[PDB]
Amino acid sequence: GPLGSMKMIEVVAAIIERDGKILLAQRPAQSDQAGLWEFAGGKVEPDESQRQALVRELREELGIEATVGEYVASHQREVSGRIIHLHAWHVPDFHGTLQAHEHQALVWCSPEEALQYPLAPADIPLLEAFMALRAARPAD
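First residue of the sequence shown: 1, per this note's numbering; consecutive thereafter.
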(Lines of atoms letter the chains of each structure in order from A and count residues from 1; the text may use other names and numbers.)
(Lines give C-alpha, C1' and ligand atoms only; values in the text may rest on other atoms or scores of the structure.)
Protein backbone atom coordinates (compact mmCIF):
# COMPACT_ATOMS: atom_id res chain seq x y z
CA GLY A 1 0.00 0.00 0.00
CA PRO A 2 1.98 3.00 1.32
CA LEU A 3 5.56 2.88 0.03
CA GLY A 4 6.61 6.46 -0.58
CA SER A 5 4.19 7.56 2.12
CA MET A 6 6.93 6.62 4.56
CA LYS A 7 10.46 7.98 4.68
CA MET A 8 13.53 6.13 5.82
CA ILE A 9 16.16 7.54 8.11
CA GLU A 10 19.45 5.98 7.14
CA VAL A 11 22.03 5.54 9.87
CA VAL A 12 25.37 3.82 9.55
CA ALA A 13 27.15 2.33 12.53
CA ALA A 14 30.84 1.54 12.47
CA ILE A 15 32.11 -1.51 14.24
CA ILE A 16 35.74 -0.68 14.86
CA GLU A 17 37.35 -3.94 15.84
CA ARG A 18 40.94 -3.72 16.98
CA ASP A 19 42.80 -6.46 18.87
CA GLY A 20 39.59 -8.44 18.86
CA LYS A 21 37.66 -5.73 20.64
CA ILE A 22 35.02 -3.28 19.43
CA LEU A 23 35.05 0.48 19.93
CA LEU A 24 32.19 1.81 22.04
CA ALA A 25 31.52 5.50 22.56
CA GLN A 26 29.54 6.82 25.53
CA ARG A 27 26.63 9.00 24.37
CA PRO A 28 22.90 9.10 25.21
CA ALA A 29 20.20 11.42 23.87
CA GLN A 30 18.28 13.56 26.36
CA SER A 31 19.28 11.41 29.30
CA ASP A 32 20.86 13.38 32.15
CA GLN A 33 22.67 10.17 33.05
CA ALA A 34 25.63 8.44 31.44
CA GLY A 35 27.05 4.96 31.11
CA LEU A 36 25.26 3.89 27.96
CA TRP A 37 27.69 3.39 25.10
CA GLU A 38 26.84 3.40 21.39
CA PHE A 39 28.48 2.26 18.17
CA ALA A 40 29.99 5.32 16.51
CA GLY A 41 28.66 6.35 13.13
CA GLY A 42 26.04 8.76 11.90
CA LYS A 43 23.06 9.53 9.71
CA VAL A 44 23.43 9.06 5.97
CA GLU A 45 22.55 11.88 3.63
CA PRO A 46 21.11 10.58 0.32
CA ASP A 47 23.77 12.51 -1.59
CA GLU A 48 26.60 10.77 0.26
CA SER A 49 27.59 7.10 0.26
CA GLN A 50 26.97 4.76 3.18
CA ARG A 51 30.67 3.94 3.39
CA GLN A 52 31.50 7.58 2.77
CA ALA A 53 29.20 8.66 5.57
CA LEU A 54 30.94 6.34 8.04
CA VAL A 55 34.35 7.45 6.84
CA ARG A 56 33.56 11.14 7.20
CA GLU A 57 31.45 10.79 10.38
CA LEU A 58 34.26 8.88 12.10
CA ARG A 59 36.67 11.47 10.75
CA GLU A 60 34.58 14.21 12.35
CA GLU A 61 33.66 12.40 15.57
CA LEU A 62 36.48 9.91 16.06
CA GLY A 63 39.17 11.85 14.20
CA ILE A 64 39.92 8.72 12.16
CA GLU A 65 39.83 7.93 8.46
CA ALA A 66 38.16 4.53 8.47
CA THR A 67 38.28 1.91 5.75
CA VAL A 68 34.87 0.32 5.23
CA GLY A 69 34.83 -3.27 4.01
CA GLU A 70 32.85 -6.19 5.39
CA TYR A 71 29.18 -5.65 6.16
CA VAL A 72 28.02 -7.09 9.49
CA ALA A 73 24.26 -6.61 9.78
CA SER A 74 21.38 -4.19 9.29
CA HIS A 75 18.53 -3.30 11.64
CA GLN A 76 15.28 -1.44 11.09
CA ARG A 77 13.29 0.49 13.66
CA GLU A 78 10.87 3.40 13.64
CA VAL A 79 10.99 6.94 14.96
CA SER A 80 7.40 8.22 15.18
CA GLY A 81 6.23 6.80 11.85
CA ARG A 82 9.65 7.10 10.19
CA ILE A 83 11.70 3.98 9.54
CA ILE A 84 15.32 4.19 10.64
CA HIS A 85 17.64 1.94 8.70
CA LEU A 86 20.85 1.13 10.59
CA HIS A 87 23.84 -0.56 8.98
CA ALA A 88 26.51 -2.06 11.24
CA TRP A 89 29.63 -2.37 9.13
CA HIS A 90 33.03 -3.64 10.21
CA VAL A 91 35.91 -1.30 9.53
CA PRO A 92 39.03 -3.52 9.40
CA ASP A 93 41.25 -0.46 9.12
CA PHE A 94 41.37 3.12 10.33
CA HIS A 95 43.91 5.89 9.75
CA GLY A 96 44.57 8.12 12.74
CA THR A 97 43.87 7.88 16.44
CA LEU A 98 40.41 7.48 17.93
CA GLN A 99 39.10 10.52 19.76
CA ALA A 100 35.68 11.39 21.14
CA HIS A 101 34.14 14.61 19.82
CA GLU A 102 30.42 14.35 20.60
CA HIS A 103 31.10 11.42 22.88
CA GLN A 104 32.28 11.30 26.49
CA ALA A 105 34.25 8.08 26.88
CA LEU A 106 35.76 5.62 24.41
CA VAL A 107 36.26 1.97 25.31
CA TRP A 108 37.41 -1.23 23.63
CA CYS A 109 35.53 -4.35 24.69
CA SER A 110 34.96 -7.76 23.14
CA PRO A 111 31.72 -8.48 21.18
CA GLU A 112 30.34 -10.80 23.88
CA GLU A 113 31.25 -8.27 26.57
CA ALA A 114 29.63 -5.36 24.73
CA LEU A 115 26.14 -6.89 24.63
CA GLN A 116 26.22 -7.17 28.43
CA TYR A 117 26.37 -3.38 28.63
CA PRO A 118 23.62 -0.72 28.28
CA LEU A 119 23.80 -0.43 24.50
CA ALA A 120 21.12 1.42 22.54
CA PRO A 121 18.11 -0.77 21.50
CA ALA A 122 19.27 -0.66 17.87
CA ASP A 123 22.89 -1.56 18.62
CA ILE A 124 21.91 -4.78 20.35
CA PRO A 125 20.61 -6.68 17.23
CA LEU A 126 23.63 -5.39 15.32
CA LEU A 127 26.19 -6.64 17.82
CA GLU A 128 24.24 -9.89 18.19
CA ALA A 129 24.95 -10.69 14.56
CA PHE A 130 28.53 -9.44 14.78
CA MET A 131 29.44 -11.93 17.45
CA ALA A 132 27.27 -14.40 15.50
CA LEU A 133 29.53 -13.75 12.51
CA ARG A 134 32.64 -14.55 14.53
CA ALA A 135 31.18 -17.59 16.31
CA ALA A 136 29.20 -19.24 13.51
CA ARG A 137 31.43 -17.86 10.75
CA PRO A 138 29.56 -17.24 7.45
CA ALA A 139 32.62 -18.62 5.75
CA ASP A 140 31.82 -22.32 6.03
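For each residue, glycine too, the CB sits at the ideal point set by N, CA and C.
Look up residue i in the DSSP assignment and give the residues it is bridged to.
i: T67; result: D93
i: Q76; result: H85
i: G41; result: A13
DSSP three-state label for residue i, please.
i: residue 147; result: Given that the chain is displayed from residue 1 to residue 140, the structure contains no residue 147 and the question cannot be resolved.
i: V55; result: helix
i: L62; result: coil
i: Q26; result: strand
i: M8; result: strand
i: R134; result: helix
Assign residue i to buried or exposed, taking buried as 16 or more other Cβ atoms, counted over all protein chains shown, within 10 Å of its Cβ.
i: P111; result: buried
i: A40; result: buried
i: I15; result: buried
i: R137; result: exposed
i: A139; result: exposed
i: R82; result: exposed
i: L3; result: exposed
i: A105; result: exposed
i: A135; result: exposed
Report back the beta-carbon spacing between residue i and residue j to the nearest angstrom; my notes put them in contact at under 8 angstroms.
i: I124; j: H95; result: About 29 angstroms; that fails the 8 angstroms criterion.
i: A13; j: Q26; result: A13 to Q26, Cβ: 15 angstroms. No contact.
i: residue 151; j: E17; result: No answer is possible for residue 151: the residues shown for the chain start at 1 and end at 140.
Determine, using beta carbons only, whether residue i and residue j come nearer to each other than 8 angstroms.
i: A66; j: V55; result: yes
i: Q99; j: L58; result: no
i: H75; j: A122; result: yes
i: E78; j: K43; result: no
i: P46; j: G69; result: no
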